[PDB]
Every structure is written in structure tokens, then in C-alpha cells.
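Student: Dropping a structure here in C-alpha cells format, bear with me for questions.
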Number of protein chains: 2
Amino acid sequence: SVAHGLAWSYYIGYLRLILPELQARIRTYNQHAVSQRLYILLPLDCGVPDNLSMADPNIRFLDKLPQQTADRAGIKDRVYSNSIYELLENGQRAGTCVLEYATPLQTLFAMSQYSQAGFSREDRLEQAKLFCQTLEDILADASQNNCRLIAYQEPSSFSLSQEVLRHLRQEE
Amino acid sequence: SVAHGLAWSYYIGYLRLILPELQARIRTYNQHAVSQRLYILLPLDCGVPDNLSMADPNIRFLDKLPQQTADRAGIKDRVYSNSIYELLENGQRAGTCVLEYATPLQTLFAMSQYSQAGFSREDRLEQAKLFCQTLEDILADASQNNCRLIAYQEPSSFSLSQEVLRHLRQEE
Ligand SMILES: COc1cc(CCCc2cc3sc(C(=O)CCC(=O)O)cc3cc2OC)c2cc(C(=O)CCC(=O)O)sc2c1
């Protein structure tokens, strides 16, 4: 309901707008190597920290991609900013990619805390799963070649960098 | 459902982040007069053009506000851009304000066109109304002093600039 709408809104209002322009931005950054594809982190616990290096020190901020701008609903030159991270493994750089969390999962988290939202805290997991499955279904028929969904459930020793590396290595 | 979630997501993922910083950005622009408050256009027909001057020539782009940046879900310095418009009336500048459409209304429009979205085209109006009422209910208890909702239904001679001016003049 909320998850279904969030997945559609994230796709329509964000991914549909950045993904067609992403490959050219990465090619530009590389010519001035960062992997292609936006790697989207989908923690099913809906824990969305703003600083990726805090979630895993082995996920190290490298640089920002050149920004994309577009006139969007009266916002002239609405800016789309994306960050490049290096993934470390036993002190070695193992991968470089454009990475971010899916921000609707932070909305699901925050909504469950507001009494007026009518969203119970114990419904978070079911809604996160529906969000991930819906987004997967959208991207299958859309965008798909320009991004990779990294959905995961934390157990208490978990490596976020290893989770991303497993997806990055699958691309060969 | 989709409208309820969109209203909550627009508030949590956007308005909650820009509205506390808005007054300082407008004060800065004025000291270097633009009205305070973000004026949000809510067309119940869900018609969201990207260029405001196309919707009404009497709504003239003036300048961008200084951008706001924040680290957001792994996006370092995620940029929030907002545009300042002058409102004209019989060739006279009648008001100056930060104006944009609510982008979730463009999501409602686009969702109704995608077969996979399970959203019928004839449900748009009911969903737009629910989105506007929910956002109003959120802002009443939140942010409210930093923005003004301009919800309207087009009839076939309508002045968008006059609709905004009526709200702007109410602020005195
Ligand atoms: C219009 O519907 C959406 C929905 C999302 C999913 C997250 C929740 C949310 C985030 C944003 S961010 C936002 C704006 O920046 C306004 C202008 C614009 O839509 O581009 C509007 C909304 C509305 C939202 O819920 C409806 C989204 C996420 C976006 C991002 O820019 C990702 C990074 C971030 O969340 O700040 S644009 C965007 C647009």
C-alpha cells in the first residue's frame, strides 16, 4: 500500500530520471575505473544512516559523480547528486561503485514512529519486503541495466562491504 | 493508500528536510523582497509541467535560491534546489515567492498510465484530493509556518498566477 506506492514513486520520481543519464556521467568521471550501474542498498531493517562509512568503514567515500540537473516541476536545474565509494577487503581496494541507500526505506522507518501515519512499527519488515519486490518487478520491465538492487537482512557480525562486493563481482 | 503514503513520504523525505533551512536561505537571498514560505502547487488534475512559465506566462522565473546541501542516505552533499518566481498582474510585479509543484502529483499521473501499477486512470482525482488533505493534516501538526499549500481544480480560462497571488495577499 505504502510500500507499493513508495516503490512506484521512487521509480517514477527519481530512478526514471537519473538512470538514463547515469552511464554518461560515469564515462565522464572515468575519462577525466568506477563500475557502471547505480548500486542501491535495500536494508530490510529500514536502517538508513546518512553516512555509509559509519555503516561499514570498508565502504570509503571517493568522490561525487558530476551532478545531473533538470528542470523539474518548477524547480529550475533541480540537482541530482550521487557518490562514488571504494569497497575495501583486507586493506585492499576491491571495487569502485556509485552507491546509495533507497531513501523510501527511511520513510517507512520514520512513518512507523509517527502516530498520525497509521503505520504500526511491527509492519516495517513486511512493507520493506513489499517495497523491494515491487521495485524489482518495476525494474525487470523497465533502467534495469543501469542499476543493481542489494536487498539484505542483518543478523551480530555483518559486513555491508562484502554484501556489495558479492553483487559487484557477479557483474565480472 | 498510494496518496496517503505519498503525502507521508513527501513530508518525511523532502519537506521535513528543507523547510527548517528555508527561512535562512530566503533571508540570505534578500540581504544580498522574496516572500517567506515555500508555495506548493497542488493541481488536482495532477498536471505537473516542468516549466511554470508555460502553465502561466504571468509566473516568471527570477532566480534560484542559494542551494541547500546535506548528506543524505550515502549521497554526500545531496542538493536541494528551489526557484524564485515573480507573479505578474496586468503587466505589474505583484509578488515574489519560492514556488514549485508537489512532485508526488506527477507520480500519481504517471502511475495511472502504467498497467503494472494497478492504478486506474479514473482514480486520479480521488487520490490527488487524499494527497492534499493528508499533507494538510501532516503540516497542521508539524513546517506549517514555512510553507503554503495551493490546491486548485481547473475548469476554460484559469489564471494560475491569480491563484498564487490570492494566497500571497492573504499573508499580508
Ligand atoms: C516524487 O516522488 C519521489 C519519491 C522519492 C522516494 C523517497 C520519498 C520522497 C523523496 C522525495 S525528494 C523530493 C524532491 O527532491 C522534490 C523534487 C523532486 O521530486 O525531484 C520529493 C520526494 C518525495 C518523496 O516521496 C513521495 C524520491 C526520492 C528522490 C531522491 O532525490 C533520492 C534522494 C533523496 O531521497 O533525497 S526524488 C523522489 C521523488
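Residues are named by chain letter and number: chains run A, B, ... in the order of the C-alpha cells, numbers start at 1 in each chain, and ligands are numbered from 1 in the order shown.
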For ligand 1, collect every residue having any atom at a distance of at most 8 Å from a ligand atom (counting only C-alpha atoms and all ligand atoms); output as a PyMOL selection string.
Tutor: (chain A and resi 6-7+9-15+72-73+75+78+80+102-105+107) or (chain B and resi 5-15+72-73+75+78+80+102-107)
Student: Taking only C-alpha atoms into account, produce a table as a tab-separated table in which each residue of segment 17-75 of chain A with an atom at most 12 Å from an atom of segment 85-100 of chain A appears once, together with its shortest atom pair and the distance in Å to one decimal, ordered by chain and rising number.
Tutor:
residue	atom	partner	partner_atom	distance
A:19	CA	A:98	CA	11.7
A:22	CA	A:98	CA	9.6
A:23	CA	A:98	CA	10.8
A:25	CA	A:98	CA	10.6
A:26	CA	A:98	CA	8.6
A:29	CA	A:98	CA	11.2
A:30	CA	A:96	CA	11.1
A:33	CA	A:96	CA	7.0
A:34	CA	A:96	CA	4.9
A:35	CA	A:97	CA	5.1
A:36	CA	A:97	CA	7.2
A:37	CA	A:98	CA	7.1
A:38	CA	A:98	CA	5.3
A:39	CA	A:99	CA	4.8
A:40	CA	A:100	CA	5.4
A:41	CA	A:100	CA	6.0
A:42	CA	A:100	CA	9.2
A:43	CA	A:100	CA	11.2
A:48	CA	A:100	CA	9.6
A:49	CA	A:100	CA	10.1
A:50	CA	A:100	CA	9.1
A:51	CA	A:100	CA	9.6
A:52	CA	A:100	CA	8.0
A:53	CA	A:85	CA	9.3
A:55	CA	A:100	CA	11.8
A:56	CA	A:87	CA	9.5
A:57	CA	A:88	CA	8.4
A:58	CA	A:88	CA	4.7
A:59	CA	A:87	CA	4.9
A:60	CA	A:86	CA	5.1
A:61	CA	A:85	CA	4.5
A:62	CA	A:85	CA	5.1
A:63	CA	A:85	CA	7.1
A:64	CA	A:98	CA	8.7
A:65	CA	A:98	CA	7.9
A:66	CA	A:98	CA	11.6
Student: Find the spatial neighbours of residue 137 of chain A, counting only C-alpha atoms, within a cut-off of 12 Å - ignore same-chain residues fewer than 3 positions away - and output them as a list in words.
Tutor: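 Counting only C-alpha atoms, the residues come to residues 4, 7, 8, 11, 130, 131, 132, 133, 134, 140, 141, 142, 143, 144 and 149 of chain A; 116 and 117 of chain B.
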Student: Determine which residues of segment 27-91 of chain B DSSP labels as strand (DSSP E or B) from the backbone of this structure, then write them out as number ranges by chain.
Tutor: B: 38-43, 59-64, 68-72, 75-80, 83-89
Student: Output N, CA and C atoms of each residue in that selection to a file, as a PDB file, in the first residue's frame.
Tutor:
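New file out-v7.pdb:
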ATOM      1  N   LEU B  38       7.560  28.368   1.395  1.00  0.00           N
ATOM      2  CA  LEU B  38       7.572  27.629   0.150  1.00  0.00           C
ATOM      3  C   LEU B  38       6.104  27.495  -0.289  1.00  0.00           C
ATOM      4  N   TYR B  39       5.792  27.971  -1.471  1.00  0.00           N
ATOM      5  CA  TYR B  39       4.430  27.888  -2.003  1.00  0.00           C
ATOM      6  C   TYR B  39       4.378  26.645  -2.869  1.00  0.00           C
ATOM      7  N   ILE B  40       3.587  25.669  -2.440  1.00  0.00           N
ATOM      8  CA  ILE B  40       3.489  24.378  -3.118  1.00  0.00           C
ATOM      9  C   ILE B  40       2.201  24.279  -3.946  1.00  0.00           C
ATOM     10  N   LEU B  41       2.356  24.102  -5.239  1.00  0.00           N
ATOM     11  CA  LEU B  41       1.205  23.990  -6.143  1.00  0.00           C
ATOM     12  C   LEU B  41       0.679  22.582  -6.188  1.00  0.00           C
ATOM     13  N   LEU B  42      -0.601  22.459  -5.905  1.00  0.00           N
ATOM     14  CA  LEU B  42      -1.263  21.177  -5.859  1.00  0.00           C
ATOM     15  C   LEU B  42      -2.408  21.122  -6.884  1.00  0.00           C
ATOM     16  N   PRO B  43      -2.121  20.938  -8.181  1.00  0.00           N
ATOM     17  CA  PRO B  43      -3.219  20.860  -9.157  1.00  0.00           C
ATOM     18  C   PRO B  43      -3.919  19.489  -9.004  1.00  0.00           C
ATOM     19  N   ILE B  59       3.764  33.987 -14.482  1.00  0.00           N
ATOM     20  CA  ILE B  59       4.597  33.387 -13.432  1.00  0.00           C
ATOM     21  C   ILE B  59       5.968  33.345 -14.068  1.00  0.00           C
ATOM     22  N   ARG B  60       6.803  34.298 -13.704  1.00  0.00           N
ATOM     23  CA  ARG B  60       8.101  34.499 -14.326  1.00  0.00           C
ATOM     24  C   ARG B  60       9.262  34.136 -13.439  1.00  0.00           C
ATOM     25  N   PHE B  61      10.085  33.201 -13.930  1.00  0.00           N
ATOM     26  CA  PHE B  61      11.281  32.780 -13.204  1.00  0.00           C
ATOM     27  C   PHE B  61      12.215  34.006 -12.963  1.00  0.00           C
ATOM     28  N   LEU B  62      12.614  34.229 -11.709  1.00  0.00           N
ATOM     29  CA  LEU B  62      13.504  35.316 -11.301  1.00  0.00           C
ATOM     30  C   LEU B  62      14.906  34.822 -11.060  1.00  0.00           C
ATOM     31  N   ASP B  63      15.060  33.880 -10.105  1.00  0.00           N
ATOM     32  CA  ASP B  63      16.365  33.382  -9.688  1.00  0.00           C
ATOM     33  C   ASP B  63      16.233  32.068  -8.915  1.00  0.00           C
ATOM     34  N   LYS B  64      17.361  31.405  -8.663  1.00  0.00           N
ATOM     35  CA  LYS B  64      17.343  30.228  -7.812  1.00  0.00           C
ATOM     36  C   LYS B  64      17.701  30.736  -6.447  1.00  0.00           C
ATOM     37  N   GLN B  68      20.680  24.318  -0.840  1.00  0.00           N
ATOM     38  CA  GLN B  68      20.907  23.681   0.448  1.00  0.00           C
ATOM     39  C   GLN B  68      21.550  22.313   0.097  1.00  0.00           C
ATOM     40  N   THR B  69      22.484  21.830   0.933  1.00  0.00           N
ATOM     41  CA  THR B  69      23.105  20.509   0.745  1.00  0.00           C
ATOM     42  C   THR B  69      23.065  19.791   2.069  1.00  0.00           C
ATOM     43  N   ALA B  70      22.965  18.463   2.026  1.00  0.00           N
ATOM     44  CA  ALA B  70      23.030  17.635   3.218  1.00  0.00           C
ATOM     45  C   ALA B  70      23.407  16.237   2.789  1.00  0.00           C
ATOM     46  N   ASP B  71      24.151  15.540   3.629  1.00  0.00           N
ATOM     47  CA  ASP B  71      24.486  14.138   3.391  1.00  0.00           C
ATOM     48  C   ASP B  71      23.192  13.421   3.601  1.00  0.00           C
ATOM     49  N   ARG B  72      22.793  12.654   2.624  1.00  0.00           N
ATOM     50  CA  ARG B  72      21.502  12.006   2.676  1.00  0.00           C
ATOM     51  C   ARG B  72      21.613  10.585   2.131  1.00  0.00           C
ATOM     52  N   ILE B  75      24.358   9.734  -0.069  1.00  0.00           N
ATOM     53  CA  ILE B  75      24.603  10.760  -1.070  1.00  0.00           C
ATOM     54  C   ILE B  75      25.262  11.909  -0.320  1.00  0.00           C
ATOM     55  N   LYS B  76      26.582  12.131  -0.551  1.00  0.00           N
ATOM     56  CA  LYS B  76      27.279  13.227   0.121  1.00  0.00           C
ATOM     57  C   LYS B  76      26.825  14.494  -0.555  1.00  0.00           C
ATOM     58  N   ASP B  77      26.510  15.527   0.229  1.00  0.00           N
ATOM     59  CA  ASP B  77      26.039  16.814  -0.296  1.00  0.00           C
ATOM     60  C   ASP B  77      24.887  16.670  -1.305  1.00  0.00           C
ATOM     61  N   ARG B  78      23.868  15.894  -0.951  1.00  0.00           N
ATOM     62  CA  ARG B  78      22.645  15.825  -1.732  1.00  0.00           C
ATOM     63  C   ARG B  78      22.162  17.308  -1.841  1.00  0.00           C
ATOM     64  N   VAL B  79      21.860  17.758  -3.052  1.00  0.00           N
ATOM     65  CA  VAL B  79      21.478  19.145  -3.281  1.00  0.00           C
ATOM     66  C   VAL B  79      19.962  19.359  -3.353  1.00  0.00           C
ATOM     67  N   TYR B  80      19.476  20.345  -2.589  1.00  0.00           N
ATOM     68  CA  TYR B  80      18.087  20.816  -2.635  1.00  0.00           C
ATOM     69  C   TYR B  80      18.100  22.193  -3.264  1.00  0.00           C
ATOM     70  N   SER B  83      13.409  27.443  -6.745  1.00  0.00           N
ATOM     71  CA  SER B  83      13.312  28.577  -7.655  1.00  0.00           C
ATOM     72  C   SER B  83      12.375  29.652  -7.163  1.00  0.00           C
ATOM     73  N   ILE B  84      12.774  30.892  -7.422  1.00  0.00           N
ATOM     74  CA  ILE B  84      12.046  32.114  -7.069  1.00  0.00           C
ATOM     75  C   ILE B  84      11.350  32.617  -8.306  1.00  0.00           C
ATOM     76  N   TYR B  85      10.074  32.900  -8.166  1.00  0.00           N
ATOM     77  CA  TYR B  85       9.267  33.421  -9.261  1.00  0.00           C
ATOM     78  C   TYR B  85       8.647  34.755  -8.927  1.00  0.00           C
ATOM     79  N   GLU B  86       8.474  35.590  -9.952  1.00  0.00           N
ATOM     80  CA  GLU B  86       7.729  36.846  -9.779  1.00  0.00           C
ATOM     81  C   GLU B  86       6.344  36.602 -10.358  1.00  0.00           C
ATOM     82  N   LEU B  87       5.312  37.094  -9.678  1.00  0.00           N
ATOM     83  CA  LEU B  87       3.941  36.957 -10.136  1.00  0.00           C
ATOM     84  C   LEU B  87       3.498  38.291 -10.703  1.00  0.00           C
ATOM     85  N   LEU B  88       3.088  38.294 -11.977  1.00  0.00           N
ATOM     86  CA  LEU B  88       2.663  39.491 -12.693  1.00  0.00           C
ATOM     87  C   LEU B  88       1.154  39.610 -12.769  1.00  0.00           C
ATOM     88  N   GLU B  89       0.663  40.845 -12.775  1.00  0.00           N
ATOM     89  CA  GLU B  89      -0.760  41.134 -12.818  1.00  0.00           C
ATOM     90  C   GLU B  89      -0.933  42.436 -13.561  1.00  0.00           C
TER      91      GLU B  89
END
Student: Would you give me, as a PyMOL selection string, the residues in segment 20-133 of chain A that DSSP reads as helix (DSSP H, G or I)?
Tutor: chain A and resi 20-31+52-55+104-113+115-117+121-133
Student: Considering only C-alpha atoms, state which residue in the set B:165, B:125, B:160, B:138 is at the smallest distance from chain A.
Tutor: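 Of B:165, B:125, B:160, B:138, the one nearest chain A is B:138, counting only C-alpha atoms.
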Student: Select, from A:82, A:44, A:67, A:32, the residue with the minimum atom-to-atom distance to chain B, counting only C-alpha atoms.
Tutor: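 Nearest candidate to chain B out of A:82, A:44, A:67, A:32: A:82.
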